[PDB]
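Step one of this worksheet: look at the structure below.
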Amino acid sequence: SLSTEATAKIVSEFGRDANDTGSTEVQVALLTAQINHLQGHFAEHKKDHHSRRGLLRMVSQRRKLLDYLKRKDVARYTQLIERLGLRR
Amino acid sequence: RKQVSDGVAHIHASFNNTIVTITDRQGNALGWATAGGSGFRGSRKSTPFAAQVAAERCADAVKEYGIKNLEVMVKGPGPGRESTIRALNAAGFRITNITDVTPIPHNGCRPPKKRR
Amino acid sequence: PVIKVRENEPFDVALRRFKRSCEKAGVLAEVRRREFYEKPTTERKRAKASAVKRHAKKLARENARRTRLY
Amino acid sequence: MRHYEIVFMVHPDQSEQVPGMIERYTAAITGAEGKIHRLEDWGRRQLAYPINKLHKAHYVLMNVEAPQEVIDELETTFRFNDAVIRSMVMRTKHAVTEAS
Amino acid sequence: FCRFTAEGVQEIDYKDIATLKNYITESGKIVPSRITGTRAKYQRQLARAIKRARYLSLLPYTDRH
Amino acid sequence: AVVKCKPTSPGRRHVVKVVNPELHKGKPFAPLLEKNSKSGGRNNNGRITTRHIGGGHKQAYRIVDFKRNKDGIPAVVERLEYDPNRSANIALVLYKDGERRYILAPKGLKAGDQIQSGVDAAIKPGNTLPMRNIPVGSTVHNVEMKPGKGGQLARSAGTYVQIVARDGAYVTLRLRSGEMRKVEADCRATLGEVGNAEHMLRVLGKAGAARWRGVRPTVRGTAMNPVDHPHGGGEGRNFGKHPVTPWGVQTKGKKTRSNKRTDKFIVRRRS
RNA sequence: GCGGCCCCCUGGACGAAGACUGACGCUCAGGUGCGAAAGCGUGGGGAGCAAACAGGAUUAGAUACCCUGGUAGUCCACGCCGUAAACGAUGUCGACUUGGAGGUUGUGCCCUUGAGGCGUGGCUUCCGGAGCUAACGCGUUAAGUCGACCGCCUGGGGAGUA
Ligand SMILES: [Mg+2]
Ligand SMILES: [Mg+2]
Ligand SMILES: [Mg+2]
Ligand SMILES: [Mg+2]
Ligand SMILES: [Mg+2]
Ligand SMILES: [Mg+2]
Ligand SMILES: [Mg+2]
Ligand SMILES: [Mg+2]
Ligand SMILES: [Mg+2]
Ligand SMILES: [Mg+2]
Ligand SMILES: [Mg+2]
Ligand SMILES: [Mg+2]
Ligand SMILES: [Mg+2]
Ligand SMILES: [Mg+2]
Ligand SMILES: [Mg+2]
Ligand SMILES: [Mg+2]
Ligand SMILES: [Mg+2]
Ligand SMILES: [Mg+2]
């Protein structure tokens, strides 16, 4: 679940600073690292209905952030979705 | 015959009967006597007295085997649970130890349905 | 409830010792519980009522402790 | 790097075998950059209940820190080994030097 | 009473059988916390320790095996 | 993967296909093929002995290696091939020295997997080794009966045999039929459980689907005439007789086993 | 809805001290998803219990209660069903308004000098104050004083039926 070394490394790439955790790019890039990591978990344990509600919350919390970012800064939004790969 | 020295008394108490079997230490039975077959047919074999009578009767039938010492192993609930122990002393046996063996599942097999 | 008859006792003492062990091990109470199936819903209601009366009587005696009858 | 508290019992008539196998497991544990902190040999003990008869057994404590993939191989060597009964693999952290 | 497993703070383990034998009746049944006094945070650590040692045959499941 | 065919035709309504993509799609291995001419149920005398056999697609016998007496010499599975003769897919196996052979495919064997034979082998699905060495309670297949005979038990698709208990020089196996049978402990037995476990779930859907597997039509006795079959006769569907085979001996209940020389090894009759 | 112990993968909650984003929030018709037990389909498994069924009793009768047996089912895999007194008969989110005695899980300070004392948070069971209510009762976890959004009701039967 995004071990410290793997979660303090995403903050460095996407954060404007090295100590900036919480920027919309960082938050969405952190969430995307978990939605793309649980795909292999749920492709084996299909009946894990209780852990899927956690995944369906990380998915929606990301879309809520993207809509805020897109309205606030279109240029920054269209650059994040291609640096990451989504909106399909 | 075989004049065994140390035997084990197996009491099978229940809510409807009381079966007493006296065996040697290797688990080979020698004699037995129940409550219902001892002239206590009906609502009387449950009583803690019919267990006493059968315990004396089962204390017999090993007279030929010359038993002097005993270990009492009480199984099941019921009225014939204690009255049938002292009846073995009344026959002269020397009780070595009293072990309660009772099948208690650790939430295993499902019991029957409730009566109404 | 294994008890070993120790040295030089009267029988009634050793027998009354073994009975104390059966009462303390609760073997008789356990068997009477396991003779019939109690539905899972009837157990929860039977436990709750056996923790309410325990509480309600506990308050009742204190609530009646500060009273003079005559 | 996950800690472990592997403890297993062997056949009583293999007590001379254990020195041979305790080092083989430690060699395999160390062979994959794995540490080991406590190697207490409890000796021969009397069982509380008989398991497949065998009123006695010989206990070994390992307290190994190994990668998650090495242990799964080690449990297999515990299973198919006829002279290992009741292997237990706990997951813990930390310390050393207890129980003797 | 309540002092054990709460004074001298520790996390109970299943090796010290001499300690655990003070928390089981003669038949191997775990004594309830009401009788002893151990706090609930530690009876769970003392219930799981006894069940852990039973599997290793360090303690008896029952008094007749 | 059982896929139900869409009902574009009355005769494709009910077909269910068991399609396995992992099988090889080309041609088999030439040096391990033979000629397999058909019979139709006809022995030396030329008279049919077993009825309802005839026709069907032409096939070729693929020499499957059953003894597995090449000890050591690890081998790699190259591909899984469809075998018309058996009910389980076979696997081409290449040994280290350069010799290719065929084996029955276990349930968890794919290309690139490694197997090997011999007493030294390890307990792994696909590895064969004498039953004296396989831990009791295990699930095995391709069991033998006599040391070196070749392998005769649990050879169909999805079929296996349990090693219930080992007693001295003889091993008690729970077979697939429900029997418990003693076999000599030295018989090799390939560890695992045979593949193609979905072979049951296929249905043929039409009459020709069974006609092109060498299965001729089966005619009931009650339709026959009294000369041709004991049931026979009648004016309008009369039976009135205890069912029997066309040769008099009773069917539907009557036991026929009689060996008296291998009843030592039958611990418990089939339940 | 979840109760033996162990490992593998995994979701949520809470607490102390900080750093960061800067209204990114609440509710939600349609829609989608999860949803006890019984029930259905295919393939297994079947110890115990037990609809149906058989016999014995009770009875005026007893196609039930009681007794002796017992199949489906209860169990596993994958699909379907989508209903319960699915209940605290009480929608979700937020603010404000006297107390007491407990449970459970965190944390801070000081004579932990010794089963201590004083605080602050999360969840939770019981009693009661104003207030509310037809009454019973609820009573900081409101059924009190308010704000936003949704669902539902409009005499009984016919009927949650055609
Ligand atoms: Mg009964
Ligand atoms: Mg036919
Ligand atoms: Mg005709
Ligand atoms: Mg004829
Ligand atoms: Mg006619
Ligand atoms: Mg007729
Ligand atoms: Mg809706
Ligand atoms: Mg169901
Ligand atoms: Mg079913
Ligand atoms: Mg079935
Ligand atoms: Mg019945
Ligand atoms: Mg409804
Ligand atoms: Mg409910
Ligand atoms: Mg409602
Ligand atoms: Mg909502
Ligand atoms: Mg109140
Ligand atoms: Mg309707
Ligand atoms: Mg309805």
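For the structure tokens, the naming scheme is as follows: chains receive sequential letters (A, B, ...) according to their order of presentation, residues are indexed from 1 within each chain, and ligands are indexed from 1 in presentation order.
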
Can you tell me which residues sit at most 10 Å away from ligand 8, counting only C-alpha atoms (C1' of nucleotides) and all ligand atoms, written as a VMD selection string? chain G and resid 36 to 39 73 to 74

Pick out the residues sitting within 7 Å of residue 80 in chain B, and hand them over as JSON, numbers by chain; count only C-alpha atoms (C1' of nucleotides), and ignore anything fewer than 6 positions along from it in its own chain. {"B": [13, 18, 48, 51]}

Could those residues be written to a file, using N, CA, C and O atoms, as a PDB file, in the first residue's frame?
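So the final result, stored in out_16.pdb, reads:
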ATOM      1  N   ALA B  13     -23.942 -42.986  33.062  1.00  0.00           N
ATOM      2  CA  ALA B  13     -25.161 -42.341  33.513  1.00  0.00           C
ATOM      3  C   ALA B  13     -25.845 -41.636  32.353  1.00  0.00           C
ATOM      4  O   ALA B  13     -25.211 -41.254  31.369  1.00  0.00           O
ATOM      5  N   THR B  18     -28.899 -46.185  33.644  1.00  0.00           N
ATOM      6  CA  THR B  18     -27.574 -46.158  34.260  1.00  0.00           C
ATOM      7  C   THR B  18     -26.938 -47.522  34.047  1.00  0.00           C
ATOM      8  O   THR B  18     -27.371 -48.502  34.656  1.00  0.00           O
ATOM      9  N   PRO B  48     -32.022 -42.039  41.250  1.00  0.00           N
ATOM     10  CA  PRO B  48     -30.651 -42.343  41.677  1.00  0.00           C
ATOM     11  C   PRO B  48     -30.557 -43.589  42.537  1.00  0.00           C
ATOM     12  O   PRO B  48     -29.465 -43.967  42.974  1.00  0.00           O
ATOM     13  N   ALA B  51     -29.752 -46.810  40.137  1.00  0.00           N
ATOM     14  CA  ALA B  51     -28.320 -46.867  39.883  1.00  0.00           C
ATOM     15  C   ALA B  51     -27.591 -47.569  41.017  1.00  0.00           C
ATOM     16  O   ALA B  51     -26.631 -48.311  40.780  1.00  0.00           O
TER      17      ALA B  51
END

Could you report the residues within 10 Å of ligand 2, using only C-alpha atoms (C1' of nucleotides) and all ligand atoms, as a PyMOL selection string? chain F and resi 217-220

May I have the selected residues written with N, CA and C atoms, as a PDB file, in the first residue's frame?
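What ended up in part02.pdb:
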ATOM      1  N   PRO F 217     -25.337 -46.044 -34.770  1.00  0.00           N
ATOM      2  CA  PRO F 217     -26.596 -45.995 -34.027  1.00  0.00           C
ATOM      3  C   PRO F 217     -26.860 -47.249 -33.214  1.00  0.00           C
ATOM      4  N   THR F 218     -27.502 -47.049 -32.065  1.00  0.00           N
ATOM      5  CA  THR F 218     -27.834 -48.105 -31.118  1.00  0.00           C
ATOM      6  C   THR F 218     -29.332 -48.352 -31.146  1.00  0.00           C
ATOM      7  N   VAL F 219     -29.731 -49.584 -31.432  1.00  0.00           N
ATOM      8  CA  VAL F 219     -31.136 -49.925 -31.586  1.00  0.00           C
ATOM      9  C   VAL F 219     -31.614 -50.640 -30.336  1.00  0.00           C
ATOM     10  N   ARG F 220     -32.700 -50.145 -29.756  1.00  0.00           N
ATOM     11  CA  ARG F 220     -33.241 -50.712 -28.536  1.00  0.00           C
ATOM     12  C   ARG F 220     -33.783 -52.106 -28.783  1.00  0.00           C
TER      13      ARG F 220
END

Restricting to only C-alpha atoms (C1' of nucleotides), whichever of G:125, G:141, G:161, G:112 is closest to chain C is G:125

Interface residues on chain C facing chain E, 10 Å, only C-alpha atoms, written as a ChimeraX atom specification: /C:1-2,21,24-25

Let me see if you get this right: every residue at most 12 Å from ligand 17, counting only C-alpha atoms (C1' of nucleotides) and all ligand atoms, written as a PyMOL selection string. chain G and resi 159-162

Which protein, DNA or RNA residues have an atom within 7 Å of ligand 3, counting only C-alpha atoms (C1' of nucleotides) and all ligand atoms, as a list in words?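 For ligand 3, the residues inside 7 Å are residues 223, 224 and 225 of chain F.
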
Could you pull the residues within 8 Å of residue 76 in chain B, counting only C-alpha atoms (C1' of nucleotides), minus those fewer than 3 positions along the same chain, as a ChimeraX atom specification? /B:12-14,81,101-103

Enumerate as a PDB file with N, CA, C and O atoms (P, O5', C5', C4', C3', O3' and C1' of nucleotides), in the first residue's frame the residues within 9 Å of ligand 1, counting only C-alpha atoms (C1' of nucleotides) and all ligand atoms.
ATOM      1  N   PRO B 112     -29.477 -31.902  18.115  1.00  0.00           N
ATOM      2  CA  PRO B 112     -30.830 -31.940  17.547  1.00  0.00           C
ATOM      3  C   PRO B 112     -31.642 -30.691  17.837  1.00  0.00           C
ATOM      4  O   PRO B 112     -31.168 -29.788  18.529  1.00  0.00           O
ATOM      5  N   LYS B 113     -32.865 -30.629  17.324  1.00  0.00           N
ATOM      6  CA  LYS B 113     -33.701 -29.447  17.460  1.00  0.00           C
ATOM      7  C   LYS B 113     -34.452 -29.465  18.782  1.00  0.00           C
ATOM      8  O   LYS B 113     -34.629 -30.509  19.409  1.00  0.00           O
ATOM      9  N   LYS B 114     -34.896 -28.284  19.203  1.00  0.00           N
ATOM     10  CA  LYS B 114     -35.522 -28.143  20.508  1.00  0.00           C
ATOM     11  C   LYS B 114     -36.898 -28.787  20.528  1.00  0.00           C
ATOM     12  O   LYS B 114     -37.634 -28.757  19.540  1.00  0.00           O
ATOM     13  N   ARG B 115     -37.247 -29.367  21.668  1.00  0.00           N
ATOM     14  CA  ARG B 115     -38.557 -29.964  21.849  1.00  0.00           C
ATOM     15  C   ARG B 115     -39.573 -28.874  22.176  1.00  0.00           C
ATOM     16  O   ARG B 115     -39.222 -27.760  22.567  1.00  0.00           O
TER      17      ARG B 115
ATOM     18  N   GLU C  35     -27.604 -30.151  24.709  1.00  0.00           N
ATOM     19  CA  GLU C  35     -28.521 -31.222  24.342  1.00  0.00           C
ATOM     20  C   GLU C  35     -29.420 -30.818  23.187  1.00  0.00           C
ATOM     21  O   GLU C  35     -29.820 -31.674  22.395  1.00  0.00           O
ATOM     22  N   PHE C  36     -29.746 -29.533  23.073  1.00  0.00           N
ATOM     23  CA  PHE C  36     -30.664 -29.050  22.055  1.00  0.00           C
ATOM     24  C   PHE C  36     -30.074 -27.825  21.382  1.00  0.00           C
ATOM     25  O   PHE C  36     -29.339 -27.056  22.003  1.00  0.00           O
TER      26      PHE C  36
ATOM     27  P     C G  67     -39.318 -35.796  20.597  1.00  0.00           P
ATOM     28  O5'   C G  67     -39.551 -37.352  20.400  1.00  0.00           O
ATOM     29  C5'   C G  67     -39.464 -38.242  21.497  1.00  0.00           C
ATOM     30  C4'   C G  67     -39.640 -39.665  21.048  1.00  0.00           C
ATOM     31  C3'   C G  67     -38.759 -40.100  19.894  1.00  0.00           C
ATOM     32  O3'   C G  67     -37.458 -40.460  20.314  1.00  0.00           O
ATOM     33  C1'   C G  67     -40.979 -40.792  19.507  1.00  0.00           C
TER      34        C G  67
END

Choose the residue, out of F:63, F:197, F:189, F:77, that has the smallest atom-to-atom separation from chain G; count only C-alpha atoms (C1' of nucleotides).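 Of F:63, F:197, F:189, F:77, the one nearest chain G is F:197, counting only C-alpha atoms (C1' of nucleotides).
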
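When only C-alpha atoms are used to measure the gap to chain E, the shortest distance among D:78, D:66, D:54, D:47 belongs to D:47.
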
Up to 10 Å from chain G, what residues of chain F turn up? Count only C-alpha atoms (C1' of nucleotides) and give them as a PyMOL selection string. chain F and resi 198+200-201

Could you check how far CA of residue 22 in chain C sits from CA of residue 3 in chain C, in Å to one decimal?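 Computed distance, CA of residue 22 in chain C to CA of residue 3 in chain C, equals 10.3 Å.
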
Residues near residue 1 in chain F, anyone? I mean within 8 Å using only C-alpha atoms (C1' of nucleotides), not counting same-chain ones fewer than 3 positions away, as a count of residues only. 5

May I have the residues within 12 Å of range 59-61 of chain C as a PDB file with N, CA, C and O atoms (P, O5', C5', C4', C3', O3' and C1' of nucleotides), in the first residue's frame, using only C-alpha atoms (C1' of nucleotides) and disregarding those fewer than 5 positions away in the same chain?
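result_11.pdb was written with the following content:
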ATOM      1  N   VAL C  52     -29.551  -7.403  31.245  1.00  0.00           N
ATOM      2  CA  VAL C  52     -30.419  -6.300  31.636  1.00  0.00           C
ATOM      3  C   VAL C  52     -30.930  -6.504  33.051  1.00  0.00           C
ATOM      4  O   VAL C  52     -30.853  -5.602  33.890  1.00  0.00           O
ATOM      5  N   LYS C  53     -31.460  -7.694  33.340  1.00  0.00           N
ATOM      6  CA  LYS C  53     -31.935  -7.980  34.687  1.00  0.00           C
ATOM      7  C   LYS C  53     -30.794  -7.918  35.688  1.00  0.00           C
ATOM      8  O   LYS C  53     -30.985  -7.487  36.830  1.00  0.00           O
ATOM      9  N   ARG C  54     -29.601  -8.350  35.283  1.00  0.00           N
ATOM     10  CA  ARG C  54     -28.439  -8.197  36.147  1.00  0.00           C
ATOM     11  C   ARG C  54     -28.182  -6.729  36.451  1.00  0.00           C
ATOM     12  O   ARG C  54     -27.938  -6.357  37.603  1.00  0.00           O
ATOM     13  N   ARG C  66     -31.588   3.496  49.628  1.00  0.00           N
ATOM     14  CA  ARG C  66     -31.824   4.799  50.241  1.00  0.00           C
ATOM     15  C   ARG C  66     -33.302   5.011  50.551  1.00  0.00           C
ATOM     16  O   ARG C  66     -33.901   6.010  50.160  1.00  0.00           O
ATOM     17  N   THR C  67     -33.896   4.061  51.271  1.00  0.00           N
ATOM     18  CA  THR C  67     -35.314   4.106  51.601  1.00  0.00           C
ATOM     19  C   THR C  67     -35.527   3.482  52.971  1.00  0.00           C
ATOM     20  O   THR C  67     -34.862   2.507  53.323  1.00  0.00           O
TER      21      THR C  67
ATOM     22  P     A G 101     -19.840  10.825  38.228  1.00  0.00           P
ATOM     23  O5'   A G 101     -20.302   9.325  37.981  1.00  0.00           O
ATOM     24  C5'   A G 101     -20.961   8.600  39.004  1.00  0.00           C
ATOM     25  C4'   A G 101     -21.351   7.224  38.538  1.00  0.00           C
ATOM     26  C3'   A G 101     -20.269   6.436  37.832  1.00  0.00           C
ATOM     27  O3'   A G 101     -19.370   5.828  38.736  1.00  0.00           O
ATOM     28  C1'   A G 101     -22.274   6.288  36.606  1.00  0.00           C
ATOM     29  P     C G 126     -28.895   1.284  26.283  1.00  0.00           P
ATOM     30  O5'   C G 126     -28.757   1.627  27.830  1.00  0.00           O
ATOM     31  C5'   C G 126     -29.015   0.641  28.814  1.00  0.00           C
ATOM     32  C4'   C G 126     -28.933   1.202  30.210  1.00  0.00           C
ATOM     33  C3'   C G 126     -29.798   2.411  30.509  1.00  0.00           C
ATOM     34  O3'   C G 126     -31.140   2.066  30.790  1.00  0.00           O
ATOM     35  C1'   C G 126     -27.627   2.744  31.383  1.00  0.00           C
ATOM     36  P     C G 127     -32.305   3.158  30.636  1.00  0.00           P
ATOM     37  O5'   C G 127     -31.991   4.226  31.773  1.00  0.00           O
ATOM     38  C5'   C G 127     -32.151   3.888  33.139  1.00  0.00           C
ATOM     39  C4'   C G 127     -31.881   5.058  34.049  1.00  0.00           C
ATOM     40  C3'   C G 127     -32.659   6.324  33.763  1.00  0.00           C
ATOM     41  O3'   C G 127     -33.976   6.262  34.279  1.00  0.00           O
ATOM     42  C1'   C G 127     -30.389   6.843  34.234  1.00  0.00           C
TER      43        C G 127
END

Provide the CA of residue 72 in chain F to CA of residue 121 in chain F distance in Å, to one decimal place. 7.3 Å

Report the distance between CA of residue 58 in chain F and CA of residue 29 in chain F in Å, rounded to one decimal place.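 Computing it gives 17.2 Å between the two atoms.
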
If we count only C-alpha atoms (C1' of nucleotides), what is near residue 76 in chain A at a cut-off of 12 Å, once residues fewer than 4 positions away on the same chain are taken out, given as a PDB file with N, CA, C and O atoms, in the first residue's frame?
ATOM      1  N   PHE A  14       6.392  14.919  -8.659  1.00  0.00           N
ATOM      2  CA  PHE A  14       5.242  15.742  -8.997  1.00  0.00           C
ATOM      3  C   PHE A  14       5.131  17.000  -8.153  1.00  0.00           C
ATOM      4  O   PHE A  14       4.488  17.961  -8.585  1.00  0.00           O
ATOM      5  N   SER A  23      -0.433  18.985  -3.033  1.00  0.00           N
ATOM      6  CA  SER A  23      -0.761  19.625  -4.294  1.00  0.00           C
ATOM      7  C   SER A  23      -1.567  18.670  -5.159  1.00  0.00           C
ATOM      8  O   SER A  23      -1.363  17.455  -5.134  1.00  0.00           O
ATOM      9  N   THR A  24      -2.502  19.232  -5.924  1.00  0.00           N
ATOM     10  CA  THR A  24      -3.435  18.403  -6.675  1.00  0.00           C
ATOM     11  C   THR A  24      -2.719  17.445  -7.611  1.00  0.00           C
ATOM     12  O   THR A  24      -3.197  16.330  -7.834  1.00  0.00           O
ATOM     13  N   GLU A  25      -1.578  17.849  -8.168  1.00  0.00           N
ATOM     14  CA  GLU A  25      -0.806  16.925  -8.990  1.00  0.00           C
ATOM     15  C   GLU A  25      -0.240  15.790  -8.154  1.00  0.00           C
ATOM     16  O   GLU A  25      -0.235  14.636  -8.589  1.00  0.00           O
ATOM     17  N   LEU A  66      -9.488  15.938 -10.181  1.00  0.00           N
ATOM     18  CA  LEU A  66      -9.193  16.346 -11.549  1.00  0.00           C
ATOM     19  C   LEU A  66     -10.143  17.437 -12.024  1.00  0.00           C
ATOM     20  O   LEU A  66      -9.723  18.382 -12.699  1.00  0.00           O
ATOM     21  N   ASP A  67     -11.427  17.321 -11.694  1.00  0.00           N
ATOM     22  CA  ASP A  67     -12.381  18.345 -12.098  1.00  0.00           C
ATOM     23  C   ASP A  67     -12.052  19.684 -11.456  1.00  0.00           C
ATOM     24  O   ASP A  67     -12.187  20.733 -12.092  1.00  0.00           O
ATOM     25  N   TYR A  68     -11.637  19.674 -10.190  1.00  0.00           N
ATOM     26  CA  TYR A  68     -11.201  20.918  -9.568  1.00  0.00           C
ATOM     27  C   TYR A  68      -9.962  21.469 -10.258  1.00  0.00           C
ATOM     28  O   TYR A  68      -9.871  22.673 -10.519  1.00  0.00           O
ATOM     29  N   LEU A  69      -8.996  20.604 -10.556  1.00  0.00           N
ATOM     30  CA  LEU A  69      -7.769  21.070 -11.188  1.00  0.00           C
ATOM     31  C   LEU A  69      -8.033  21.598 -12.589  1.00  0.00           C
ATOM     32  O   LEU A  69      -7.492  22.639 -12.973  1.00  0.00           O
ATOM     33  N   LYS A  70      -8.860  20.898 -13.367  1.00  0.00           N
ATOM     34  CA  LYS A  70      -9.103  21.314 -14.745  1.00  0.00           C
ATOM     35  C   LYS A  70      -9.733  22.694 -14.806  1.00  0.00           C
ATOM     36  O   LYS A  70      -9.336  23.530 -15.623  1.00  0.00           O
ATOM     37  N   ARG A  71     -10.723  22.951 -13.957  1.00  0.00           N
ATOM     38  CA  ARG A  71     -11.335  24.272 -13.924  1.00  0.00           C
ATOM     39  C   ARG A  71     -10.347  25.328 -13.440  1.00  0.00           C
ATOM     40  O   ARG A  71     -10.322  26.447 -13.963  1.00  0.00           O
ATOM     41  N   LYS A  72      -9.522  24.989 -12.447  1.00  0.00           N
ATOM     42  CA  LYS A  72      -8.605  25.970 -11.877  1.00  0.00           C
ATOM     43  C   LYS A  72      -7.448  26.281 -12.821  1.00  0.00           C
ATOM     44  O   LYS A  72      -7.046  27.443 -12.956  1.00  0.00           O
ATOM     45  N   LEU A  80      -0.954  17.078 -16.906  1.00  0.00           N
ATOM     46  CA  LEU A  80      -0.880  15.988 -15.942  1.00  0.00           C
ATOM     47  C   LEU A  80      -1.465  14.691 -16.496  1.00  0.00           C
ATOM     48  O   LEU A  80      -0.926  13.609 -16.246  1.00  0.00           O
ATOM     49  N   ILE A  81      -2.562  14.776 -17.249  1.00  0.00           N
ATOM     50  CA  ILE A  81      -3.217  13.559 -17.710  1.00  0.00           C
ATOM     51  C   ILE A  81      -2.404  12.871 -18.796  1.00  0.00           C
ATOM     52  O   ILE A  81      -2.570  11.668 -19.026  1.00  0.00           O
ATOM     53  N   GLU A  82      -1.534  13.600 -19.493  1.00  0.00           N
ATOM     54  CA  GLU A  82      -0.635  12.955 -20.444  1.00  0.00           C
ATOM     55  C   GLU A  82       0.676  12.507 -19.818  1.00  0.00           C
ATOM     56  O   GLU A  82       1.279  11.537 -20.291  1.00  0.00           O
ATOM     57  N   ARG A  83       1.139  13.188 -18.772  1.00  0.00           N
ATOM     58  CA  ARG A  83       2.319  12.728 -18.056  1.00  0.00           C
ATOM     59  C   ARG A  83       2.048  11.440 -17.295  1.00  0.00           C
ATOM     60  O   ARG A  83       2.993  10.732 -16.931  1.00  0.00           O
TER      61      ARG A  83
END

Name the residues in contact with residue 83 in chain B at a cut-off of 10 Å, using only C-alpha atoms (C1' of nucleotides), excluding same-chain residues fewer than 6 positions from it; report them as JSON, numbers by chain. {"B": [47, 48, 49, 50, 51, 52, 53, 55]}
